[PDB]
Amino acid sequence: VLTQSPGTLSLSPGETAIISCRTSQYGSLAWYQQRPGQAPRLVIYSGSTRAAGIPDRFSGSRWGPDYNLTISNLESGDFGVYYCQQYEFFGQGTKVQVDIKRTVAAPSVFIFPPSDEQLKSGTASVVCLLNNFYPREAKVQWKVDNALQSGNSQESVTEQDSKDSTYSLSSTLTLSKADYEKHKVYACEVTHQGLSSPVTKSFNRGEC
Amino acid sequence: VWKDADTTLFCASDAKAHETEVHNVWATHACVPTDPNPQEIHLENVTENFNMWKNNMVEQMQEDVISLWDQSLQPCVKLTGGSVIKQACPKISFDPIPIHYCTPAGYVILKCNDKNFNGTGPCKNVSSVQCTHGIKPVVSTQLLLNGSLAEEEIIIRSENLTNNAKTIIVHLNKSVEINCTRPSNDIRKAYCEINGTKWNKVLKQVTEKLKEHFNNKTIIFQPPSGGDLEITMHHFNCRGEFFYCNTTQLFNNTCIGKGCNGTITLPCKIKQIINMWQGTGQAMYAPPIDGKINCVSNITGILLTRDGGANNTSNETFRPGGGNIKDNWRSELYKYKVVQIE
Amino acid sequence: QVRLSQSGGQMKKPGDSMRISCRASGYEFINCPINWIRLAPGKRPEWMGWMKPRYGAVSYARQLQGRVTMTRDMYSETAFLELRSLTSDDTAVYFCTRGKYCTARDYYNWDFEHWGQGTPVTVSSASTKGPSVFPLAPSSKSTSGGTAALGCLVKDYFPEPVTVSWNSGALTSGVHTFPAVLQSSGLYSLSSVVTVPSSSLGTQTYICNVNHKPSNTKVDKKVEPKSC
Ligand SMILES: *[C@@H]1O[C@H](CO)[C@@H](O)[C@H](O)[C@H]1NC(C)=O
Ligand SMILES: *[C@@H]1O[C@H](CO)[C@@H](O)[C@H](O)[C@H]1NC(C)=O
Ligand SMILES: *[C@@H]1O[C@H](CO)[C@@H](O)[C@H](O)[C@H]1NC(C)=O
Ligand SMILES: *[C@@H]1O[C@H](CO)[C@@H](O)[C@H](O)[C@H]1NC(C)=O
Ligand SMILES: *[C@@H]1O[C@H](CO)[C@@H](O)[C@H](O)[C@H]1NC(C)=O
Ligand SMILES: *[C@@H]1O[C@H](CO)[C@@H](O)[C@H](O)[C@H]1NC(C)=O
Ligand SMILES: *[C@@H]1O[C@H](CO)[C@@H](O)[C@H](O)[C@H]1NC(C)=O
Ligand SMILES: *[C@@H]1O[C@H](CO)[C@@H](O)[C@H](O)[C@H]1NC(C)=O
Ligand SMILES: *[C@@H]1O[C@H](CO)[C@@H](O)[C@H](O)[C@H]1NC(C)=O
Ligand SMILES: *[C@@H]1O[C@H](CO)[C@@H](O)[C@H](O)[C@H]1NC(C)=O
């Protein structure tokens with residue numbers, strides 16, 4: 001009933017965070033801020049009323065069912081997770097994390113078939129590596145015999161590298177041994193600002 | 001020309017000087033005699049907004065009933081604030097009488113006359129009066145007793161149905177008697193009788209009204225989730241004795257879906273250690289009087305709470321509520337508001 | 001000044017019950033409800049229920065009906081929470097809250113200005129399970145002027161954490177060890193990778209060292225190109 005977006009914002013100090021919440025029901029909407037290792041704090045209530053202690057850099061707006069929290073001139077204390085709320089309902093949350101600017105860098109893409117050692121176990125894991133890219137935003141889609149896959153992959157992302165300011169991501173596709181041997185072509189498709197078109201790395205099961 | 005304002009109301013009643021009954025004695029010193037010829041002026045082409053949940057008449061009635069109980073139903077022991085107060089607690093004559101609330105000079109009461117008025121919003125037929133109708137200060141939980149009935153259909157009342165923290169008042173258009181009794185010769189054991197045929201039909205109508213407010217979802221009743229006995233059970237005072245009646249049978253979802261027809265008998269018990277609704281603490285009273293203790297009341301309303309939570313089910317669950325006695329006064333004062341003439 | 005102080009964190013096993021308290025001060029305790037909200041990293045904050053001190057009236061979230069009990073002590077102005085039949089899904093930080101607007105005559109429950117400092121509760125089995133370590137092999141043809149990726153997949157261990165080094169810590173450049181993920185099975189897995197010159201694949205040996213202290217497991221795995 002409360003749809004908060006986006007999931008993650010990667011921003012530099014001085015920039016502005018724009019966080020939106022779609023509702024479908026009737027009631028006053030609130031926004032909370034949770035700093036790392038701290039209790040959540042009331043930022044906004046009743047759509048746009050700033051709580052006590054909240055600077056005017058925070059502002060709430062509403063267009064139809066869409067509520068927006070905008071945080072201008074980001075400071076250190078502003079980073080953390082934000083939640084919208086209506087009665088007992090809360091949004092999924094938006095993580096606003098510190099990003100250090102650098103030039104755009106395309107990811108190097110690598111795909112890994114399941115090990116023979118693992119295929120003895122009865123399960124198969126296919127790994128896709130997105131190495132050293134910027135900015136953080138990247139889409140990974142799995143295809144098996146050119147069919148879009150959903151619900152059988154998990155991703156993990158590294159913290160921004162302290163030296164070259166890049167990110168890395170790994171996506172793991174997990175299938176049963178039986179379901180794996182049913183198909184031939186395994187592919188991960190990567191879209192990123194640093195690529196003029198989406199890049200696909202793939203292998204044909206069996207052949208080396 | 002007038003505006004919404006608040007003031008110090010005075011009270012009127014038909015209390016008798018020869019009565020030793022508690023409410024009568026209080027009203028004798030606190031109220032004036034009623035007007036034999038009350039005046040009501042029907043206002044034409046006048047639409048006014050009302051809000052029963054923000055009516056300060058309610059706050060003054062609350063002060064009066066507290067003062068009445070404090071000056072009368074004195075406990076043998078008053079356990080509050082860590083300290084212990086021991087007073088004299090003689091048996092009394094207890095029977096609530098109707099009480100009228102009226103405005104002083106410069107102020108007038110506006111009365112909503114829309115038959116389907118739900119408590120908030122605009123009202124088409126508005127009249128002008130100096131006093132309210134006679135309201136009995138009946139203190140109870142879960143069930144509203146001896147009150148006024150809704151004119152046309154059953155009316156659902158809430159400050160905001162979408163808010164599970166807000167109490168729901170169900171206003172009945174047909175009263176259903178409840179007959180509670182403590183027979184002579186365990187002296188603290190009692191019971192209430194209810195005609196299961198009338199109740200289950202009324203209850204069925206309540207669920208159909210609730211369907212209208214909740215998108216035709218399945219309406220389910222459940223016993224309270226927890227709390228003190230005063231609210232997990234039907235709590236009320238009869239003849240000076242505090243009754244605690246179990247209402248699990250009054251909310252039988254099976255009987256509103258055969259065999260349920262007949263007479264419902266609720267298990268009751270008269271307690272001596274009670275939690276005071278004045279928000280004070282615990283009070284200890286004397287053992288119940290001998291003889292047949294009995295009082296017959298009209299169930300005219302129901303206090304409900306609605307279940308919440310991050311769910312997606314197609315049923316709404318309601319449970320008998322109460323505990324905030326100010327809500328009892330809201331259920332009768334809902335159609336009145338005080339305005340000031342210039 | 002309104003304050004809410006909660007009891008200390010605790011560790012539980014599946015099946016257990018947990019009990020936490022929240023002591024309130026700085027206002028008239030009976031005037032407004034107390035709520036319980038639990039935050040779990042990655043999940044939406046969840047409202048568990050409210051409790052009105054007056055008569056101890058309660059309202060529990062539907063999905064927690066039967067497992068949860070909220071009570072209060074009037075004298076010490078303390079609210080209590082009990083949650084039974086704990087499972088992994090109950091691992092969270094638990095907060096008590098109270099609305100911003102609260103007078104003797106009226107309140108609005110939901111604008112949570114006041115939060116307790118939070119009570120972390122972890123619910124996990126005492127059992128442990130060591131990782132399965134599978135190689136992530138480079139490629140087939142060695143390009144003499146390019147870089148190759150390799151690593152090892154560290155799968156199905158419990159509980160956290162595992163650590164990975166390469167060649168006993170001699171190899172650090174270009175190493176990425178990813179944050180673990182929690183699989184449907186209730187078990188964790190992660191990957192550790194490293195990019196290396198493709199010309200070293202026939203010369204240099206690459207071993208990933210996996211450490212998992214809870215199961216007392218240390219495993220070394222040699223990652224080499226598949227022969228064909
Ligand atoms: C119902 O609640 C909303 C906010 O939740 C409030 O704006 C509105 O005025 C309320 N309605 C009434 C009739 O009080
Ligand atoms: C409201 O108006 C109608 C039409 O004049 C009248 O008959 C009715 O009695 C009024 N309601 C009350 C409660 O007096
Ligand atoms: C009462 O009527 C008003 C005015 O139409 C409406 O806004 C409100 O939702 C109604 N309340 C209930 C409980 O039906
Ligand atoms: C109880 O209800 C009957 C009608 O059902 C009514 O005549 C009687 O006056 C009511 N008793 C009260 C209000 O005390
Ligand atoms: C009471 O209202 C219900 C609708 O909720 C209606 O079906 C019933 O006929 C009414 N009772 C009367 C008019 O006596
Ligand atoms: C109430 O019940 C008692 C027995 O439980 C009975 O003697 C009495 O007549 C009843 N009163 C009425 C008015 O039905
Ligand atoms: C219950 O009330 C109905 C009328 O609604 C009446 O006909 C019936 O006799 C009553 N039942 C008993 C057991 O007295
Ligand atoms: C009410 O009575 C029912 C009858 O079975 C019982 O199960 C329930 O525990 C009682 N409720 C309370 C609060 O005692
Ligand atoms: C509802 O009625 C049925 C049939 O008379 C009965 O068996 C059941 O115990 C009742 N439910 C209650 C009393 O909650
Ligand atoms: C309701 O009124 C009747 C008489 O009208 C009285 O006998 C009964 O005790 C009253 N009920 C309560 C709970 O005060």
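Scanning region B:131-173 for residues that are β-branched (V, I, T), more than 11 Å from ligand 3 (Cβ to nearest atom) and within 14 Å of chain C (Cβ to nearest Cβ) yields B:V139, B:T141, B:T167.
Scanning region C:14-33 for residues that are surrounded by fewer than 16 Cβ atoms within 10 Å (Cβ to Cβ) and closer than 14 Å to C:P120 by Cα returns a single hit, C:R19. Collect the residues in region C:79-99 that are more than 19 Å from the chain's Cα centre (by Cα) and buried (at least 20 other Cβ atoms within 10 Å of the Cβ), keeping them in residue-number order. The answer is C:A79, C:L81, C:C96, C:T97, C:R98, C:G99.
C:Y27 - would you say it is more than 11 Å from chain B (Cβ to nearest Cβ) and within 17 Å of C:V123 (Cβ to Cβ)?
Details: more than 11 Å from chain B (Cβ to nearest Cβ): yes; within 17 Å of C:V123 (Cβ to Cβ): no.
In short, no.
Could we say that B:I85 is away from ligand 9 (no atom under 16 Å from the Cβ), touching a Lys or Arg at 6+ places or on another chain (Cβ under 7 Å) and farther than 30 Å from B:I168 by Cβ here? Taking the combined requirement at face value, the residue satisfies it. All of (1) in contact with a strand residue (DSSP E or B) (Cβ under 7 Å, 6 or more places away or on another chain); (2) part of a loop (DSSP other than H, G, I, E, B); (3) of a type in the set (S, T, Y) hold for B:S93 with one exception: (1).
Per-residue answers, yes or no, for (1) away from ligand 7 (no atom under 16 Å from the Cβ); (2) aromatic (F, W, Y); (3) farther than 30 Å from C:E82 by Cα:
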| position | (1), (2), (3) |
| --- | --- |
| B:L203 | no, no, yes |
| B:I220 | yes, no, no |
| B:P224 | yes, no, no |
| B:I231 | yes, no, no |
| B:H235 | yes, no, no |
| B:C238 | yes, no, yes |
| B:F242 | yes, yes, yes |
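What number goes with the only condition from (1) within 16 Å of ligand 10 (Cβ to nearest atom); (2) of a type in the set (A, V, I, L, M); (3) more than 14 Å from chain C (Cβ to nearest Cβ) that B:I219 does not pass? Failing condition for B:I219: (1).
C:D90 - would you say it is over 19 Å from B:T305 (Cα atoms) and among the charged types (D, E, K, R)? Break it down into steps so the answer makes sense when it comes.
Details: over 19 Å from B:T305 (Cα atoms): yes; among the charged types (D, E, K, R): yes.
Here the answer is yes, as C:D90 does meet what is asked.
Of all residues being farther than 16 Å from B:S140 by Cβ and touching a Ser or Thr at 6+ places or on another chain (Cβ under 9 Å) in region B:224-252, which is surrounded by the fewest Cβ atoms within 10 Å (Cβ to Cβ)? Just the residue, please. Only one residue fits best here, namely B:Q249. Scan region A:156-190 for residues that are surrounded by 15 or more Cβ atoms within 10 Å (Cβ to Cβ) and over 15 Å from A:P113 (Cβ atoms) and the total you get is 12. Annotation: B:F94 fulfils all but one of (1) away from ligand 4 (no atom under 16 Å from the Cβ); (2) touching a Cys at 6+ places or on another chain (Cβ under 9 Å); the unmet one is (1). Among the residues in region A:136-148, are any of a type in the set (F, W, Y), surrounded by 16 or more Cβ atoms within 10 Å (Cβ to Cβ) and closer than 22 Å to A:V98 by Cβ? Among the residues of region A:136-148, not one is of a type in the set (F, W, Y), surrounded by 16 or more Cβ atoms within 10 Å (Cβ to Cβ) and closer than 22 Å to A:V98 by Cβ, which makes the answer no. Suppose the filter is within 14 Å of chain C (Cβ to nearest Cβ) and under 30 Å from B:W2 (Cα atoms); does B:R319 pass it? Taking the combined requirement at face value, the residue does not satisfy it. Taking strands (runs of 3 or more DSSP E) as the structural unit, those lying wholly within region B:19-79 and holding at least 1 residues that are within 16 Å of ligand 2 (Cβ to nearest atom) correspond to B:41-43, B:48-51.
Mind checking which residues of region B:104-136 are in a loop (DSSP other than H, G, I, E, B) and crowded, with 21+ Cβ neighbours inside 10 Å? Spell out how you get there, then give the answer.
Applying the first criterion (in a loop (DSSP other than H, G, I, E, B)) to region B:104-136 yields B:104-106, B:113-119, B:124-125, B:130, B:132-134, B:136.
Within region B:104-136, B:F117, B:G119, B:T132 meet the criteria.
Looking only at residues of region B:57-101 that are of a type in the set (A, V, I, L, M) and in contact with a helix residue (DSSP H, G or I) (Cβ under 6 Å, 6 or more places away or on another chain), we find that the one that is nearest to the other protein chains (Cβ to nearest Cβ) is B:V58. Summed over region C:86-128, the residues that are away from every other protein chain (no Cβ under 14 Å) and part of a strand (DSSP E or B) give a count of 3.
Of all residues in region C:140-170, those satisfying the criterion of being under 21 Å from C:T217 (Cα atoms) and not in a strand (DSSP E or B) are C:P159, C:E160, C:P161, C:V162, C:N167, C:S168, C:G169, C:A170.
Screening the candidates A:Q25, A:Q97, A:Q4 for the property of being more than 16 Å from ligand 1 (Cβ to nearest atom), within 14 Å of chain C (Cβ to nearest Cβ) and within 25 Å of C:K100 (Cβ to Cβ) yields one hit, A:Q4.
For region B:187-219, filtering for residues that are within 16 Å of ligand 8 (Cβ to nearest atom) and loosely packed, with under 15 Cβ neighbours inside 10 Å leaves 2.
Which ones in region C:34-53 are part of a loop (DSSP other than H, G, I, E, B), surrounded by fewer than 23 Cβ atoms within 10 Å (Cβ to Cβ) and within 10 Å of chain B (Cβ to nearest Cβ)? Break it down stepwise before answering.
First, pick out the residues of region C:34-53 that are part of a loop (DSSP other than H, G, I, E, B): C:40-45, C:53.
The next check asks that each one be surrounded by fewer than 23 Cβ atoms within 10 Å (Cβ to Cβ); those that pass are C:40-44, C:53.
Across region C:34-53, the qualifying residues are C:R44, C:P53.
Taking first residues from region B:297-309 that are more than 8 Å from chain C (Cβ to nearest Cβ) and on the phi > 0 side of the Ramachandran plot and partners that are acidic (D, E) and within 16 Å of ligand 10 (Cβ to nearest atom), no Cβ contact under 7 Å between residues at least 6 apart in sequence or on separate chains turns up. The one condition from (1) closer than 29 Å to C:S198 by Cα; (2) outside any strand (DSSP E or B); (3) within 14 Å of another protein chain (Cβ to nearest Cβ) that A:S121 does not meet is (1).
Yes/no matrix, rows are residues, columns are (1) among the polar types (S, T, N, Q); (2) closer than 20 Å to B:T305 by Cβ; (3) away from ligand 10 (no atom under 16 Å from the Cβ):
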| position | (1), (2), (3) |
| --- | --- |
| B:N125 | yes, no, yes |
| B:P137 | no, no, no |
| B:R157 | no, yes, yes |
| B:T167 | yes, yes, yes |
| B:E177 | no, no, no |
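Can you name every residue in region C:180-227 that is among the aliphatic types (A, V, I, L, M) and more than 14 Å from C:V164 (Cα to Cα)? If the condition is that a residue be among the aliphatic types (A, V, I, L, M) and more than 14 Å from C:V164 (Cα to Cα), then C:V181, C:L182, C:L187, C:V196, C:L201 are the ones that fit.
Quick note: the coordinates plus some simple rules give every number you see, no bench work behind them. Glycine also receives a Cβ, built like all others from the backbone with ideal geometry; neighbour counts cover every protein chain displayed.
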